[PDB]
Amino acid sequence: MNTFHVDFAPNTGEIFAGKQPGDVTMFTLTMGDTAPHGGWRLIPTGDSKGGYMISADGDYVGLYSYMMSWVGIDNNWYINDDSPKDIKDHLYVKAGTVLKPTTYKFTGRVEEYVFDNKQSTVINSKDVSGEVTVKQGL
């Protein structure tokens, strides 16, 4: 049926090539459902496999989440959250990460799941993707 929402969006502002002075958000990810559910995961697909942005120059940059924990074993971020309230997460690069003046891509799949004793079952899912084009700095 449908109360399950997911938005995933590249960052609006300018991002400039070079060593980032601080943590810089690449992607905004917002997720909620007022239906009962036990939590969320984000699974990076294709060349993003492993939690990476891939650039047009062939470089892989690792991404980081504020709200979710990474598990390499499973190729996902996840958060157990039973709330009807929206999760506003950001995926970001860390202070000091060197970016180039190029276009960076991410693709993944978002899953919503429920626990049954006590093992998770996917109840909703949506494929997400986006890109940032980084400008010459700096």
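In this text, residue numbers run from 1 along the sequence as written.
Here the stretch with the larger average CA B-factor, out of 28 to 36 and 92 to 100, is 28 to 36. Note on 120 to 128 vs 16 to 24: mean CA B-factor is higher in 120 to 128. Taking the PDB entry at face value, the top CA B factor among 113, 52, 70, 66 belongs to 113. The top Cα temperature factor in the record, among 47, 59, 81, 74, falls on 81. Sorting the modelled residues of the chain by their CA temperature factor places residue 41 in the middle third.
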